[PDB]
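Undergrad: One structure is given below, represented as structure tokens, and several questions about it will come after.
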Amino acid sequence: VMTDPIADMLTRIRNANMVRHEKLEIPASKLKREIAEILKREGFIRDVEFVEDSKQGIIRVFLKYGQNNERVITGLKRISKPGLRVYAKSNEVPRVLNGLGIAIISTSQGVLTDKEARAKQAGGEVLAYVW
Amino acid sequence: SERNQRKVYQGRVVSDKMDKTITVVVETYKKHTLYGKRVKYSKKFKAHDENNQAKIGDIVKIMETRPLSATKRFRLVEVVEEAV
Amino acid sequence: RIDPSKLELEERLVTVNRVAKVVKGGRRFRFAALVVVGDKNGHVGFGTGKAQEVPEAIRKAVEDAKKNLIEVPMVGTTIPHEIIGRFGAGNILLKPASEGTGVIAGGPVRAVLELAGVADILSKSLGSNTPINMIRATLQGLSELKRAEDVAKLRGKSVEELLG
Amino acid sequence: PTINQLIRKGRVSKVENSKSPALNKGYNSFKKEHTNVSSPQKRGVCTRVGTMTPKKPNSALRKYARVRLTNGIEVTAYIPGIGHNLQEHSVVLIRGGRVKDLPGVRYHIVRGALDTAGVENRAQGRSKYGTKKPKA
Amino acid sequence: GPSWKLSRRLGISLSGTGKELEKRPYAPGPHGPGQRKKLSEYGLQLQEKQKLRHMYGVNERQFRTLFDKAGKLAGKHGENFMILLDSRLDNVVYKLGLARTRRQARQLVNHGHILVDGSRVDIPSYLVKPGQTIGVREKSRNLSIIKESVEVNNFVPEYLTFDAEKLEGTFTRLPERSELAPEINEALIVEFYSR
Amino acid sequence: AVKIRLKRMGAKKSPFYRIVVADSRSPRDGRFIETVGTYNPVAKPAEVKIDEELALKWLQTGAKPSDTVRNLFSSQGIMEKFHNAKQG
RNA sequence: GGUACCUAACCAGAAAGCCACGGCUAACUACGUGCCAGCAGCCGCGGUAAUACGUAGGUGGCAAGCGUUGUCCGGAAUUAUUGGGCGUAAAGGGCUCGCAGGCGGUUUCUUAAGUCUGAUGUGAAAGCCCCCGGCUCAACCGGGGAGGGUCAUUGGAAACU
RNA sequence: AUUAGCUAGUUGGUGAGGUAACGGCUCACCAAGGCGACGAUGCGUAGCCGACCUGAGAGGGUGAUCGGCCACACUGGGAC
């Protein structure tokens with residue numbers, strides 16, 4: 001029934017963040033896995049590490065909260081929703097916040113973040129922004 | 001040299017009730033102009049057959065030709081796979 | 001935090017509203033006035049004051065505004081990024097603009113931004129035309145703004161790669 | 001959800017009805033038919049010139065014309081000014097203009113037209129009311 | 001008529017003098033000397049636009065057209081506007097001290113001849129091209145108002161050179177940020193026309 | 001028959017023509033096949049700019065020039081090398 | 001067509017009007033008028049002290065133009081994908097079962113229809129945009145660019161549909 | 001869509017005629033086919049585009065002159 005995992009994952013992270021739960025659990029999938037890796041790279045979270053089982057495993061993520069109990073991440077937006085997939089040419093890749101945020105884009109040569117995708121001239125399915 | 005290649009289409013049979021001729025549907029489809037959501041659309045044709053090889057349900061490949069008859073413009077190339 | 005009064009602040013009376021109360025002896029009128037006060041370096045904040053006499057009602061309002069003040073980031077005399085003010089059906093959009101456009105906003109919004117001292121900025125008012133709610137929404141947005149340096153330190157990164 | 005409701009049900013826009021339904025209709029004789037046109041003014045013959053009262057409880061006695069336009073349409077009209085020479089059976093030119101205080105009249109009798117004399121003894125707004133420069 | 005009235009209406013002399021402000025600097029008309037309410041937040045920039053247009057003596061359509069040209073020009077719309085207004089040759093001949101008044105500049109350049117790399121020029125938008133020596137030909141070389149203007153010394157801005165013995169000046173590269181806004185608080189016109 | 005043609009453009013008193021190749025039937029300012037230069041009569045020294053590769057293939061395949069374009073081709077010697085092209 | 005232009009001589013003499021002035025919106029005073037005469041795009045004004053009616057002076061906007069009318073777009077986030085809502089303001093079908101249709105759990109190979117990106121062929125000229133040149137700036141007129149396909153052939157990539 | 005069925009040389013075939021050609025383009029014979037919810041049929045309306053106006057944008061309106069294509073020449077039909 002559950003339409004697409006990315007919406008569930010983003011909204012679960014947002015729900016955990018607005019009340020500042022230091023722990024969080026997500027059912028494990030490949031795409032969600034590298035997305036967590038991407039947020040770890042960009043420093044929007046504290047750390048992510050995995051646990052495996054017979055039912056698509058689980059991934060657990062530890063959210064950063066800055067030096068003084070302030071939101072490291074202030075929002076998340078899915079834009080390539082099921083029923084309306086949005087695809088961006090390489091040149092029109094969005095500069096979210098003209099730099100501050102990040103947009104994650106699936107590309108013909110892997111799933112990349114905004115600036116590096118623009119740097120190496122790749123387009124494709126742009127899935128979400130991070131605020 | 002080699003001449004220009006006429007277009008080649010892919011589709012499914014939707015009628016075979018007429019001798020030496022075969023009607024096909026092609027699922028070619030677009031996205032809405034001002035919304036940009038993929039939407040399904042069907043185009044049907046009449047194609048020419050020589051011995052009624054194709055039957056209802058078959059999947060056939062198609063190439064256009066000169067006008068052979070009114071409303072008929074296409075030839076049967078081959079029956080790539082046959083129905084149940 | 002509260003910003004002390006060691007500053008030079010101007011006041012721009014945006015509106016005085018006639019206000020009435022119903023009592024046995026007919027009607028009882030007062031005067032409610034809101035004013036936005038703040039220096040041009042970047043300190044802003046509104047106030048309100050109700051009384052029966054316009055000048056000293058304005059006095060009340062300016063005292064309240066002085067008591068309640070707020071700061072704002074000022075990257076290049078312009079906001080750093082996008083923001084939407086979201087206070088009680090008051091929808092205001094703000095966008096940074098090039099260094100020659102100027103201030104482009106509605107009346108109350110223009111008063112607030114110009115008093116803040118932002119030189120180059122554009123905006124839009126999408127919610128109700130109510131002035132006080134305009135002020136509350138835009139100031140909520142202005143508070144929500146974020147400098148780049150604190151964002152870098154929060155991420156554990158630096159400005160050069162954040163802008164890169 | 002909503003996207004399919006749009007793709008099939010669509011976005012039906014509202015329609016701005018013409019504010020001057022008489023100005024935008026035309027007619028021809030050897031073909032007996034009413035045409036659709038955009039026109040800024042029309043002429044006609046006044047079938048009655050009179051004066052009646054408005055709707056607001058605060059009143060003033062206003063003048064009006066009843067005119068048959070070229071396109072065979074019937075309508076009342078308002079005559080702005082002080083005094084006039086607008087007798088019954090006169091070829092008068094009409095322009096689009098509302099008068100809220102008077103109910104039913106959608107059009108203004110322009111002045112300086114074929115048989116409407118400009119209001120006399122006026123200095124400003126002379127362009128309106130069809131009056132020449134008073135002195136040479 | 002318009003000179004004194006406009007100057008004291010705006011409250012600023014279009015050239016800068018004690019006169020037009022000496023004893024009746026308030027406003028024209030009978031209600032002038034009374035109490036002047038603070039101009040609306042539309043009135044302020046309307047007054048600024050009026051200040052600039054009257055001080056530079058230009059028609060409204062001209063002014064708007066030059067504004068769009070400046071906006072299309074690169075740099076900063078706030079001042080490129082005034083740079084073009086200064087490039088207007090009438091102001092050039094004035095700032096070269098060839099006349100007392102911009103009215104004189106207009107009148108002279110209209111029917112009088114100002115040979116600047118061209119036989120005649122009436123349209124004000126031209127310039128004296130840097131790097132060429134062509135000067136006012138030998139019919140108005142001796143003229144009363146010219147002699148008065150040259151003898152009454154006045155500040156030729158540093159982006160303009162001039163020698164009265166042959167009364168010719170070479171328009172230098174461009175005008176600076178100082179003469180940009182001597183007293184006019186620009187960047188009000190930008191949103192006044194954005195309106 | 002195709003021809004090398006002088007198509008008019010400009011103002012009410014300042015004619016400015018383009019040397020163009022078009023058929024004899026197409027109107028003076030209408031459709032054409034290709035533009036191959038420009039000509040200015042009112043310039044104090046008369047001015048012309050001609051291309052002579054993809055413009056010269058037209059002379060190769062056959063195209064009568066009008067009189068003025070012909071003598072301008074003579075002025076630039078393009079029709080000359082077109083003449084030597086036969087014996088060459 | 002002795003037209004464009006250049007050369008001289010005569011004269012401040014032949015050449016400024018249109019609209020608004022309560023708020024929206026920049027500009028206010030005196031007189032007459034007394035629900036009359038009238039004003040108007042909205043709010044509305046005028047029933048003897050009218051900055052809202054008509055005049056007069058002044059001010060304000062613009063200028064060989066200025067107001068009115070009529071048509072279209074914005075303001076209208078007021079058909080909202082970009083960019084809206086449905087408890088009480090308009091709005092959840094009385095409820096359910098379900099054809100077509102729209103959507104689709106996790107891993108793993110493969111296919112490239114969607115997808116992203118090169119190459120080529122066109123998307124006339126003249127227009128809008130950029131850069132230059134010329135009509136005594138330009139109006140305009142040139143010269144060179146750029147943009148303009150939910151475009152045809154062909155190559156490359158396989159993360160996602 | 002307050003326009004649900006339209007079509008019966010229209011749908012397919014075999015032969016024969018027929019601008020320069022392929023063809024129900026026209027005949028003869030045989031056969032029940034064709035098109036419709038992805039809007040057929042019918043009613044109303046309009047020349048189409050480069051482009052023009054507005055709008056920052058999506059978008060919304062226009063199709064004058066300048067250019068291209070199309071149809072018409074008092075109204076219908078006909079061929080040389």
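Residues in the structure tokens are numbered from 1 in each chain, the chains being A, B, ... in the order shown, and ligands are numbered from 1 in the order shown.
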Could you make a table, as CSV, of the residues of chain F that have an atom within 8 Å of an atom of chain G, each with its nearest atom pair and distance in Å to one decimal, counting only C-alpha atoms (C1' of nucleotides), in chain and number order?
TA:
residue,atom,partner,partner_atom,distance
F:10,CA,G:141,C1',5.6
F:11,CA,G:141,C1',6.6
F:14,CA,G:141,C1',7.9
F:16,CA,G:142,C1',8.0
F:31,CA,G:125,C1',7.8
Undergrad: Residues of chain G were defined as contacting chain A if any atom lay at most 10 Å from it, counting only C-alpha atoms (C1' of nucleotides); please report them as a PyMOL selection string.
TA: chain G and resi 102-107+115-117+157-161
Undergrad: Give me the chain D side of the contact with chain B, cut-off 10 Å, one line per residue showing its nearest atom pair and distance in Å at one decimal, counting only C-alpha atoms, sorted by chain and residue number, as a tab-separated table.
TA:
residue	atom	partner	partner_atom	distance
D:3	CA	B:35	CA	8.4
D:4	CA	B:37	CA	9.3
D:6	CA	B:35	CA	9.1
D:7	CA	B:32	CA	7.7
Undergrad: As a ChimeraX atom specification, which residues of range 72-137 of chain E does DSSP assign to helix (DSSP H, G or I)?
TA: /E:72,77-87,89-95,102-111
Undergrad: Go ahead and save the residues from that selection, with N, CA and C atoms, as a compact mmCIF listing (two decimals), in the first residue's frame.
TA:
# COMPACT_ATOMS: atom_id res chain seq x y z
N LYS E 72 18.66 48.46 -18.86
CA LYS E 72 19.22 47.42 -19.72
C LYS E 72 20.74 47.43 -19.65
N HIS E 77 21.69 49.78 -11.87
CA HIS E 77 20.60 50.63 -12.34
C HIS E 77 20.44 51.88 -11.49
N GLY E 78 20.87 51.82 -10.23
CA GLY E 78 20.71 52.96 -9.35
C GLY E 78 21.38 54.21 -9.89
N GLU E 79 22.59 54.06 -10.44
CA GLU E 79 23.36 55.21 -10.89
C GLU E 79 23.61 55.27 -12.39
N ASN E 80 23.62 54.14 -13.11
CA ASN E 80 23.85 54.19 -14.55
C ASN E 80 22.86 55.14 -15.22
N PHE E 81 21.64 55.16 -14.68
CA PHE E 81 20.66 56.19 -14.97
C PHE E 81 21.25 57.59 -14.94
N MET E 82 21.80 57.98 -13.79
CA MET E 82 22.32 59.33 -13.66
C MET E 82 23.58 59.53 -14.49
N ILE E 83 24.33 58.45 -14.75
CA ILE E 83 25.49 58.55 -15.63
C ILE E 83 25.04 58.95 -17.03
N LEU E 84 23.97 58.32 -17.52
CA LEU E 84 23.43 58.71 -18.82
C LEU E 84 22.89 60.13 -18.78
N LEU E 85 22.20 60.49 -17.70
CA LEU E 85 21.67 61.85 -17.59
C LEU E 85 22.79 62.88 -17.63
N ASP E 86 23.94 62.54 -17.04
CA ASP E 86 25.08 63.44 -17.10
C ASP E 86 25.71 63.43 -18.49
N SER E 87 25.74 62.27 -19.13
CA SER E 87 26.28 62.18 -20.49
C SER E 87 25.46 63.02 -21.46
N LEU E 89 24.40 65.93 -23.31
CA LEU E 89 25.44 66.91 -23.60
C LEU E 89 25.10 68.29 -23.03
N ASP E 90 23.82 68.58 -22.81
CA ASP E 90 23.44 69.86 -22.22
C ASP E 90 24.12 70.05 -20.87
N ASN E 91 24.07 69.02 -20.03
CA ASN E 91 24.78 69.08 -18.76
C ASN E 91 26.28 69.18 -18.99
N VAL E 92 26.78 68.58 -20.07
CA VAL E 92 28.21 68.65 -20.34
C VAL E 92 28.61 70.10 -20.62
N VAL E 93 27.88 70.76 -21.52
CA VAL E 93 28.23 72.14 -21.85
C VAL E 93 28.04 73.04 -20.64
N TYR E 94 27.06 72.73 -19.79
CA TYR E 94 26.90 73.52 -18.57
C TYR E 94 28.10 73.33 -17.65
N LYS E 95 28.45 72.07 -17.35
CA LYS E 95 29.54 71.81 -16.41
C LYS E 95 30.88 72.27 -16.95
N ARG E 102 21.24 75.95 -17.27
CA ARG E 102 20.93 74.86 -18.18
C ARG E 102 19.90 75.29 -19.21
N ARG E 103 19.08 76.29 -18.88
CA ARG E 103 18.25 76.92 -19.90
C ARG E 103 19.11 77.54 -20.99
N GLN E 104 20.18 78.23 -20.61
CA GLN E 104 21.11 78.74 -21.61
C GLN E 104 21.71 77.61 -22.42
N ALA E 105 22.10 76.52 -21.76
CA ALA E 105 22.68 75.38 -22.47
C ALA E 105 21.71 74.86 -23.52
N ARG E 106 20.46 74.63 -23.12
CA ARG E 106 19.44 74.15 -24.04
C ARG E 106 19.26 75.11 -25.21
N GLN E 107 19.08 76.40 -24.91
CA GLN E 107 18.79 77.38 -25.95
C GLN E 107 19.94 77.47 -26.95
N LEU E 108 21.16 77.65 -26.42
CA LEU E 108 22.36 77.73 -27.24
C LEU E 108 22.50 76.50 -28.12
N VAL E 109 22.58 75.31 -27.51
CA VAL E 109 22.81 74.11 -28.30
C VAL E 109 21.68 73.88 -29.28
N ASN E 110 20.48 74.38 -28.97
CA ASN E 110 19.38 74.26 -29.91
C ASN E 110 19.68 75.06 -31.17
N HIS E 111 19.78 76.39 -31.07
CA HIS E 111 19.98 77.15 -32.30
C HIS E 111 21.42 77.60 -32.47
Undergrad: Counting only C-alpha atoms (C1' of nucleotides), which of G:150, G:78, G:88, G:33 gets nearest to chain D?
TA: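 Smallest distance to chain D is found for G:78.
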Undergrad: What residues in chain H have any atom no more than 10 Å from chain F when counting only C-alpha atoms (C1' of nucleotides), and can you write them as a PyMOL selection string?
TA: chain H and resi 66-68
Undergrad: Counting only C-alpha atoms (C1' of nucleotides), which residues of chain G come no farther than 12 Å from chain B, as a list in words?
TA: residues 81, 82, 101, 102, 113, 114, 150, 152, 153 and 161 of chain G
Undergrad: The selected residues should be written to file as a PDB file, in the first residue's frame (atoms: C-alpha atoms (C1' of nucleotides)).
TA:
ATOM      1  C1'   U G  81       0.881  22.315 -11.389  1.00  0.00           C
ATOM      2  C1'   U G  82       4.477  27.069 -10.977  1.00  0.00           C
ATOM      3  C1'   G G 101      -8.107   3.729 -15.488  1.00  0.00           C
ATOM      4  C1'   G G 102      -4.328   5.880 -11.853  1.00  0.00           C
ATOM      5  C1'   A G 113      10.471   2.513 -23.747  1.00  0.00           C
ATOM      6  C1'   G G 114      10.705   6.588 -20.247  1.00  0.00           C
ATOM      7  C1'   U G 150       7.831  17.585 -25.021  1.00  0.00           C
ATOM      8  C1'   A G 152      14.563  13.259 -37.418  1.00  0.00           C
ATOM      9  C1'   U G 153      19.128   9.863 -37.701  1.00  0.00           C
ATOM     10  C1'   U G 161      10.036   4.932 -13.676  1.00  0.00           C
TER      11        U G 161
END
Undergrad: What's around residue 20 in chain C at 7 Å? Count only C-alpha atoms (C1' of nucleotides), leave out sequence neighbours fewer than 3 positions away in its own chain, and write the answer as an MDAnalysis selection string.
TA: chainID C and resid 27:30
Undergrad: May I have the residues of chain D within 7 Å of chain G, counting only C-alpha atoms (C1' of nucleotides), written as a VMD selection string?
TA: chain D and resid 11 to 13 38 to 41 58 to 60 95 to 96
Undergrad: Go ahead and write the residues just picked, N, CA and C atoms, as a PDB file, in the first residue's frame.
TA:
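Ended up saving to out15.pdb:
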ATOM      1  N   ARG D  11      -9.358  22.707 -15.587  1.00  0.00           N
ATOM      2  CA  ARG D  11      -9.511  23.956 -14.844  1.00  0.00           C
ATOM      3  C   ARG D  11     -10.444  24.884 -15.599  1.00  0.00           C
ATOM      4  N   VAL D  12     -11.726  24.853 -15.258  1.00  0.00           N
ATOM      5  CA  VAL D  12     -12.708  25.664 -15.961  1.00  0.00           C
ATOM      6  C   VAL D  12     -12.639  27.076 -15.398  1.00  0.00           C
ATOM      7  N   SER D  13     -12.329  28.037 -16.256  1.00  0.00           N
ATOM      8  CA  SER D  13     -12.194  29.419 -15.834  1.00  0.00           C
ATOM      9  C   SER D  13     -13.548  30.109 -15.863  1.00  0.00           C
ATOM     10  N   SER D  38     -17.078  44.766 -31.565  1.00  0.00           N
ATOM     11  CA  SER D  38     -16.578  45.660 -30.529  1.00  0.00           C
ATOM     12  C   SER D  38     -16.622  47.078 -31.073  1.00  0.00           C
ATOM     13  N   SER D  39     -17.354  47.961 -30.386  1.00  0.00           N
ATOM     14  CA  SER D  39     -17.534  49.329 -30.853  1.00  0.00           C
ATOM     15  C   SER D  39     -17.523  50.260 -29.654  1.00  0.00           C
ATOM     16  N   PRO D  40     -16.821  51.411 -29.706  1.00  0.00           N
ATOM     17  CA  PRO D  40     -16.768  52.266 -28.515  1.00  0.00           C
ATOM     18  C   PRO D  40     -17.928  53.236 -28.387  1.00  0.00           C
ATOM     19  N   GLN D  41     -18.656  53.511 -29.467  1.00  0.00           N
ATOM     20  CA  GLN D  41     -19.817  54.384 -29.380  1.00  0.00           C
ATOM     21  C   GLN D  41     -20.836  53.973 -30.429  1.00  0.00           C
ATOM     22  N   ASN D  58     -31.792  59.358  -0.267  1.00  0.00           N
ATOM     23  CA  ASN D  58     -31.414  60.729  -0.590  1.00  0.00           C
ATOM     24  C   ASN D  58     -31.488  60.887  -2.102  1.00  0.00           C
ATOM     25  N   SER D  59     -32.218  61.906  -2.549  1.00  0.00           N
ATOM     26  CA  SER D  59     -32.731  61.961  -3.908  1.00  0.00           C
ATOM     27  C   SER D  59     -32.217  63.179  -4.658  1.00  0.00           C
ATOM     28  N   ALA D  60     -32.454  63.157  -5.966  1.00  0.00           N
ATOM     29  CA  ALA D  60     -32.255  64.290  -6.853  1.00  0.00           C
ATOM     30  C   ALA D  60     -32.895  63.920  -8.180  1.00  0.00           C
ATOM     31  N   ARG D  95     -22.318  56.613 -25.383  1.00  0.00           N
ATOM     32  CA  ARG D  95     -21.080  55.969 -24.973  1.00  0.00           C
ATOM     33  C   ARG D  95     -21.314  55.193 -23.684  1.00  0.00           C
ATOM     34  N   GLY D  96     -20.483  54.179 -23.465  1.00  0.00           N
ATOM     35  CA  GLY D  96     -20.597  53.362 -22.274  1.00  0.00           C
ATOM     36  C   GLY D  96     -20.328  54.138 -21.003  1.00  0.00           C
TER      37      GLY D  96
END
Undergrad: Could you give me, as JSON lines, every chain H residue with an atom at most 12 Å from chain D, plus its closest atom pair and distance in Å to one decimal, counting only C-alpha atoms (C1' of nucleotides), rows ordered by chain then number?
TA:
{"residue": "H:38", "atom": "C1'", "partner": "D:8", "partner_atom": "CA", "distance": 11.1}
{"residue": "H:45", "atom": "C1'", "partner": "D:36", "partner_atom": "CA", "distance": 11.8}
{"residue": "H:60", "atom": "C1'", "partner": "D:13", "partner_atom": "CA", "distance": 11.3}
Undergrad: What does the file look like for those residues with N, CA and C atoms (P, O5', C5', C4', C3', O3' and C1' of nucleotides), as a PDB file, in the first residue's frame?
TA:
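Written output follows (part_9.pdb):
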ATOM      1  P     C H  38     -11.504   8.316 -22.116  1.00  0.00           P
ATOM      2  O5'   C H  38     -10.881   8.921 -23.451  1.00  0.00           O
ATOM      3  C5'   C H  38     -10.035  10.065 -23.402  1.00  0.00           C
ATOM      4  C4'   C H  38      -9.135  10.158 -24.609  1.00  0.00           C
ATOM      5  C3'   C H  38      -9.836   9.990 -25.954  1.00  0.00           C
ATOM      6  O3'   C H  38      -9.201  10.803 -26.940  1.00  0.00           O
ATOM      7  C1'   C H  38      -8.199   8.313 -25.707  1.00  0.00           C
ATOM      8  P     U H  45     -21.961  30.372 -36.249  1.00  0.00           P
ATOM      9  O5'   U H  45     -20.506  30.404 -35.609  1.00  0.00           O
ATOM     10  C5'   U H  45     -20.190  31.301 -34.558  1.00  0.00           C
ATOM     11  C4'   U H  45     -18.731  31.226 -34.191  1.00  0.00           C
ATOM     12  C3'   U H  45     -17.754  31.410 -35.339  1.00  0.00           C
ATOM     13  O3'   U H  45     -17.555  32.771 -35.678  1.00  0.00           O
ATOM     14  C1'   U H  45     -17.116  29.532 -34.068  1.00  0.00           C
ATOM     15  P     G H  60      -2.657  29.049 -21.593  1.00  0.00           P
ATOM     16  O5'   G H  60      -3.325  30.491 -21.537  1.00  0.00           O
ATOM     17  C5'   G H  60      -4.184  30.849 -20.466  1.00  0.00           C
ATOM     18  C4'   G H  60      -4.512  32.320 -20.491  1.00  0.00           C
ATOM     19  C3'   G H  60      -5.086  32.838 -21.797  1.00  0.00           C
ATOM     20  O3'   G H  60      -6.474  32.591 -21.904  1.00  0.00           O
ATOM     21  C1'   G H  60      -3.384  34.300 -21.035  1.00  0.00           C
TER      22        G H  60
END
Undergrad: Contacts of range 46-56 of chain B at 12 Å or less, counting only C-alpha atoms (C1' of nucleotides), minus same-chain residues fewer than 6 places along, as an NGL selection string?
TA: (:B and (9-26 or 62-84)) or (:H and (11-13 or 34))
Undergrad: Please, what distance in Å, to one decimal, runs between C1' of residue 64 in chain H and CA of residue 35 in chain F?
TA: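 Taking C1' of residue 64 in chain H as the start and CA of residue 35 in chain F as the end point, the length is 28.6 Å.
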Undergrad: As a PDB file with N, CA, C and O atoms, in the first residue's frame, could you give me every residue of chain E near chain C (at most 9 Å apart, counting only C-alpha atoms)?
TA:
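Written output follows (selection.pdb):
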ATOM      1  N   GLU E  41       4.077  58.019   1.231  1.00  0.00           N
ATOM      2  CA  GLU E  41       5.196  57.191   0.813  1.00  0.00           C
ATOM      3  C   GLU E  41       5.168  56.970  -0.698  1.00  0.00           C
ATOM      4  O   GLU E  41       6.056  56.306  -1.237  1.00  0.00           O
ATOM      5  N   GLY E  75      26.017  47.031 -14.944  1.00  0.00           N
ATOM      6  CA  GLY E  75      26.479  47.836 -13.815  1.00  0.00           C
ATOM      7  C   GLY E  75      25.444  47.860 -12.698  1.00  0.00           C
ATOM      8  O   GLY E  75      25.094  46.812 -12.162  1.00  0.00           O
ATOM      9  N   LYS E  76      24.967  49.056 -12.354  1.00  0.00           N
ATOM     10  CA  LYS E  76      23.974  49.229 -11.300  1.00  0.00           C
ATOM     11  C   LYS E  76      22.937  50.241 -11.764  1.00  0.00           C
ATOM     12  O   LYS E  76      23.264  51.412 -12.000  1.00  0.00           O
ATOM     13  N   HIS E  77      21.687  49.784 -11.868  1.00  0.00           N
ATOM     14  CA  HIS E  77      20.596  50.628 -12.343  1.00  0.00           C
ATOM     15  C   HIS E  77      20.435  51.875 -11.490  1.00  0.00           C
ATOM     16  O   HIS E  77      19.918  52.893 -11.965  1.00  0.00           O
ATOM     17  N   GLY E  78      20.865  51.816 -10.230  1.00  0.00           N
ATOM     18  CA  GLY E  78      20.713  52.963  -9.351  1.00  0.00           C
ATOM     19  C   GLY E  78      21.382  54.211  -9.887  1.00  0.00           C
ATOM     20  O   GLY E  78      20.819  55.306  -9.824  1.00  0.00           O
ATOM     21  N   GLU E  79      22.593  54.064 -10.436  1.00  0.00           N
ATOM     22  CA  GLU E  79      23.365  55.212 -10.892  1.00  0.00           C
ATOM     23  C   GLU E  79      23.608  55.268 -12.387  1.00  0.00           C
ATOM     24  O   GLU E  79      23.796  56.372 -12.889  1.00  0.00           O
ATOM     25  N   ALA E 187      17.847  55.746  -6.139  1.00  0.00           N
ATOM     26  CA  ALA E 187      17.264  54.449  -5.817  1.00  0.00           C
ATOM     27  C   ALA E 187      15.851  54.607  -5.272  1.00  0.00           C
ATOM     28  O   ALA E 187      15.287  53.623  -4.784  1.00  0.00           O
ATOM     29  N   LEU E 188      15.273  55.811  -5.301  1.00  0.00           N
ATOM     30  CA  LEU E 188      13.833  55.954  -5.127  1.00  0.00           C
ATOM     31  C   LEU E 188      13.121  55.876  -6.472  1.00  0.00           C
ATOM     32  O   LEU E 188      12.000  55.361  -6.566  1.00  0.00           O
ATOM     33  N   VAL E 190      13.913  53.994  -8.866  1.00  0.00           N
ATOM     34  CA  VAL E 190      13.870  52.602  -9.312  1.00  0.00           C
ATOM     35  C   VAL E 190      12.548  51.958  -8.911  1.00  0.00           C
ATOM     36  O   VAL E 190      11.833  51.398  -9.749  1.00  0.00           O
ATOM     37  N   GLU E 191      12.165  52.076  -7.636  1.00  0.00           N
ATOM     38  CA  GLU E 191      10.900  51.473  -7.237  1.00  0.00           C
ATOM     39  C   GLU E 191       9.715  52.357  -7.604  1.00  0.00           C
ATOM     40  O   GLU E 191       8.598  51.846  -7.755  1.00  0.00           O
ATOM     41  N   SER E 194       9.179  50.901 -10.783  1.00  0.00           N
ATOM     42  CA  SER E 194       8.734  49.526 -10.589  1.00  0.00           C
ATOM     43  C   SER E 194       7.255  49.470 -10.241  1.00  0.00           C
ATOM     44  O   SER E 194       6.583  48.482 -10.558  1.00  0.00           O
ATOM     45  N   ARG E 195       6.746  50.499  -9.569  1.00  0.00           N
ATOM     46  CA  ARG E 195       5.330  50.598  -9.221  1.00  0.00           C
ATOM     47  C   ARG E 195       4.447  50.343 -10.436  1.00  0.00           C
ATOM     48  O   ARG E 195       4.847  50.594 -11.572  1.00  0.00           O
TER      49      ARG E 195
END
Undergrad: Using the chain letters and numbers from this document, which residues of chain D does DSSP assign to strand (DSSP E), as number ranges by chain?
TA: D: 25-28, 33-36, 41-52, 62-69, 74-78, 91-96, 107-109
Undergrad: What's around residue 7 in chain H at 12 Å? Count only C-alpha atoms (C1' of nucleotides), leave out sequence neighbours fewer than 6 positions away in its own chain, and write the answer as a list in words.
TA: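 Surrounding residues, per the criterion: residues 33, 34, 35, 36, 40 and 41 of chain H.
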Undergrad: What is the CA of residue 72 in chain A-CA of residue 103 in chain A distance in Å, reported with one decimal?
TA: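 Separating CA of residue 72 in chain A from CA of residue 103 in chain A is a distance of 16.2 Å.
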Undergrad: So which residues touch residue 148 in chain G within 12 Å, counting only C-alpha atoms (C1' of nucleotides), skipping near sequence neighbours fewer than 5 positions away, as a PDB file with C-alpha atoms (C1' of nucleotides), in the first residue's frame?
TA:
ATOM      1  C1'   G G 123      13.603  25.008 -36.748  1.00  0.00           C
ATOM      2  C1'   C G 128      12.269  40.377 -29.393  1.00  0.00           C
ATOM      3  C1'   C G 129      17.679  39.934 -26.941  1.00  0.00           C
TER       4        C G 129
ATOM      5  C1'   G H  50       6.506  33.469 -38.488  1.00  0.00           C
TER       6        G H  50
END
Undergrad: Interatomic distance between CA of residue 13 in chain C and CA of residue 184 in chain E?
TA: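 Between CA of residue 13 in chain C and CA of residue 184 in chain E the gap is 24.5 Å.
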